[PDB]
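These values consider heavy atoms only, across backbone and side chains, with no hydrogens, waters or symmetry-generated copies. FYI, the numbering just counts along the sequence from 1.
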Amino acid sequence: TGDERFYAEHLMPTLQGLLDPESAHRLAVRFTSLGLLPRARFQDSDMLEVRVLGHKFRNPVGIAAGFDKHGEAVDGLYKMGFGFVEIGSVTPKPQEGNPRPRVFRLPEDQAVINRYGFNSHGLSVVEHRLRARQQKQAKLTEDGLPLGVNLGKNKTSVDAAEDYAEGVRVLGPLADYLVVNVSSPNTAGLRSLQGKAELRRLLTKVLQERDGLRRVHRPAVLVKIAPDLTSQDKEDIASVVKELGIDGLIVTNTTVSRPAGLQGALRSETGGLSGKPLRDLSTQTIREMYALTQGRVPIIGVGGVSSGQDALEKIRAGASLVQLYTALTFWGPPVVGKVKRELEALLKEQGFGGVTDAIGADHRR
Ligand SMILES: Cc1cc2nc3c(=O)[nH]c(=O)nc-3n(C[C@H](O)[C@H](O)[C@H](O)COP(=O)(O)O)c2cc1C
Ligand SMILES: Cc1ncsc1C(=O)Nc1ccc2ccccc2c1
Ligand SMILES: O=C(O)c1cc(=O)[nH]c(=O)[nH]1
């Protein structure tokens, strides 16, 4: 479309040249929350529909956690064309996160580095925000547009498990799925929660709290993992997931690695790297986790998706759903319709009746 090219060539670079990344993001969140968006043209066909996690998803393309940290733009995000929305990460108490600047663009690499450190309005503010539209969400969900809530922990928290348990109790009843985020590179000691003993202990507590919720308010529980795990870590995670009956995995968060070939002046900034240089590392992690869980644990694939091909590669590798964030930073809102339209065309070209037929197809070759 001409809208794609206008945003890609004119609008986004001009926004970029004018505002630093954090300011541009705040403005984007504001515009989104007010529905100030280019025409919602693409109509989802039935072949994009997916049933997973106890829900119908009208299309498999979602917005990744981090864009709407505080639950302010949910409805604007559905209007943008996402088949599902994930907000967060949300920490139990409000906290400011790291000192600025804490987000950096690498235009030459179509990548972003961020070290926000879980800036969050906190559970109580997000709870009230979600309660104010709770019944509208219930209809959205019924209509195939579910809501996920991603949980973090406070910087000064002594007991990580209790932070997550609080999140489950407070936001669990408002969510179609919860995400236990143990893969942020920007909170000290957080990623060590991916280790086998700590993870089993953490998730047992999380699942107990979840199971104590009334039935209609009882979300699926997913774990979001890093792209930088050893083979040992991945095998352990797969084992804990199957031992405890975890409902799904989100694969993956940003990388602390700096792949060879990065050109951006800011490539050596501390933080998690997202976007294009993350893409295949993410796709390969999905492929491994799908195999280790025997295709029985739903995976949401995320990391450097900016096209239908990117989405389909993750789906064929084993993802039932995909998410994007960074692509929006460079292509703007038209990227959502673009990904969906290309995905549908590729599914037809490759002989799939629909998205469901494509999930894990690479493993059956
Ligand atoms: C600026 C920024 C903030 C993010 N904040 C969160 C977060 O709070 N919680 C989380 O689980 N992931 C967070 N992420 C990670 C994304 O959800 C996603 O896993 C990652 O960026 C890879 O996807 P992408 O290449 O499409 O951006 C953040 C990513 C970025 C770029
Ligand atoms: C201000 C405005 N008026 C009509 S469309 C429009 C607009 O393009 N808004 C934007 C512009 C850029 C965006 C980038 C990411 C997410 C949402 C975004 C919304
Ligand atoms: O808040 C952060 O800085 C943040 C959290 C997370 O999960 N992933 C990320 O890249 N950054």
Hey, mind stepping through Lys155 and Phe118 against side-chain contact (heavy atoms from CB on, under 4.5 Å) and telling me if it holds? CA-CA 8 Å; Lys155 171 178 182 172; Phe118 282 162; over 6 Å; no
4.5 Å side-chain heavy-atom contact, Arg214 and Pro173: no
So side chain to side chain donor-acceptor pair (under 3.5 Å) across residues 171-184, not counting sequence neighbours, yields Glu86-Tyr177, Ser89-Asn181, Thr141-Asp176, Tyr177-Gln323, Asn181-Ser183, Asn181-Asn253, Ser183-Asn253
What pairs of donor and acceptor atoms, side-chain ones from residues 292-305 against any protein atom, are under 3.5 angstrom apart with sequence neighbours left out?
unit_1 : atom_1 : unit_2 : atom_2 : d
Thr293 : OG1    : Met289 : O      : 2.7
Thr293 : OG1    : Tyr290 : O      : 3.2
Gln294 : OE1    : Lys242 : NZ     : 3.1

For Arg30, what residues pass the salt bridge (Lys or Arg N to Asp or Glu O under 4.0 Å) criterion, not counting sequence neighbours? none
Pairs touching residues 317-338 that satisfy ring-ring contact (aromatic ring centres under 6.0 Å, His included), sequence neighbours left out: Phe67-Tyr325
So CG of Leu262 and CD1 of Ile113: to nearest 0.5 Å the spacing works out to 7.0 Å
Would you say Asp233 and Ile225 make side-chain contact, with heavy atoms under 4.5 Å? no
I'd like to know whether CD of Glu9 has more than 12 heavy-atom contacts from other residues, nucleotides or ligands below 6.0 angstrom. yes
Do other residues, nucleotides or ligands put more than 12 heavy atoms under 6.0 Å from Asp46 CG? no
Between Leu281 and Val256, is there shared hydrophobic-cluster membership here, with clusters defined by ILVMFWY side-chain heavy atoms closer than 4.5 Å? no
Listed by chain and number, what are the ring pair (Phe, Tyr, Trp, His ring centres under 6.0 Å) partners of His217, not counting sequence neighbours? none
Does atom CD of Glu96 have more than 12 heavy-atom neighbours, drawn from other residues, nucleotides or ligands, at distances under 6.0 Å? no
Between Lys234 and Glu288, does at least one N-O distance fall below 4.0 Å, as a salt bridge requires? yes
Using side-chain heavy atoms (C-beta onward) and a distance below 4.5 Å, is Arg316 in contact with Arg365? yes
Pick one: which of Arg41, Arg341, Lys338 meets salt bridge (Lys or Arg N to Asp or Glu O under 4.0 Å) with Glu4? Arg341
Got more than 12 heavy atoms from elsewhere within 6.0 Å of CZ, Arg169? yes
Strictly below 4.0 Å, N to O, side chains only: are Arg287 and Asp362 in salt-bridge contact? yes
Report yes if the side chains of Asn114 and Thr254 come closer than 4.5 Å at any heavy-atom pair, otherwise no. yes
Are any of the side-chain heavy atoms of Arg102 and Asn119 separated by less than 4.5 Å? yes
Can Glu49 and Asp44 be said to form a side-chain contact (heavy atoms from CB on, under 4.5 Å), step by step? CA-CA 8 Å; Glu49 181 178 305; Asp44 299 334; over 6 Å; no
Closest heavy-atom pair and its distance - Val61, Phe84: C-CE2, 3.8 Å
Quick check: do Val125 and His70 have side-chain heavy atoms less than 4.5 Å from each other? no
Atom pair CD (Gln137) and CG (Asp143), whose distance is rounded to the nearest 0.5 Å: 11.0 Å
Cation-pi between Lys69 and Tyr116: NZ/CZ under 6.0 Å from ring centre and within 45° of the ring axis? yes
As an exercise, state the distance from NZ of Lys340 to CG of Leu48, rounded to the nearest 0.5 Å. 7.5 Å
Under 4.5 Å between side-chain heavy atoms, hopping through other hydrophobics if needed: is there a path connecting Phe82 to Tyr7? no
Could you state the interatomic distance from CD1 (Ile250) to CG (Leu321), rounded to the nearest 0.5 Å? 9.0 Å
Under a single-linkage definition using a 4.5 Å side-chain heavy-atom cutoff for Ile, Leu, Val, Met, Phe, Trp and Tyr, are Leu11 and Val336 assigned to the same hydrophobic cluster? no
Side-chain contact test, heavy atoms from C-beta onward, threshold under 4.5 Å: evaluate it for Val180 versus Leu151 and give yes or no. no
Go through the steps to decide whether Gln263 and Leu106 satisfy the test side-chain contact (heavy atoms from CB on, under 4.5 Å), and finish with yes or no. CA-CA 8 Å; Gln263 294 308 304; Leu106 286 56; over 6 Å; no
Does the side chain of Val149 come within less than 4.5 Å of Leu130's, by heavy atoms? yes
What I want to find out is whether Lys205 reaches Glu162 closely enough, with some N-O distance under 4.0 Å, to be called a salt bridge. yes
From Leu278 CG over to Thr326 OG1, what is the distance, rounded to the nearest 0.5 angstrom? 8.0 Å
Determine, for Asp109 against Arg267, whether the closest basic-nitrogen to carboxylate-oxygen distance falls under 4.0 angstrom. no
Could you grab the distance from atom CE of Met12 to atom CG of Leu328, nearest 0.5 Å is fine? 7.0 Å
Hey, mind stepping through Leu229 and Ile237 against side-chain contact (heavy atoms from CB on, under 4.5 Å) and telling me if it holds? CA-CA 10 Å; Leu229 300 166; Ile237 287 164; 3.6 Å; yes
Residues passing the ring pair (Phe, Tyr, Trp, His ring centres under 6.0 Å) test with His55, sequence neighbours excluded, are none
Any chance you could lay out the salt bridge (charged side-chain N to carboxylate O under 4.0 Å, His left out) test for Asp68 and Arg129, step after step, and finish with the verdict? CA-CA 12 Å; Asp68 192 4; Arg129 213 166 263 149; over 6 Å; no
Between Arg200 and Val240 (side chain of the first, backbone of the second, donor and acceptor by atom type, cut-off under 3.5 Å), is there such a pair? no
Evaluate whether atom CZ of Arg39 has more than 12 neighbouring non-hydrogen atoms of other residues, nucleotides or ligands under 6.0 angstrom away. no
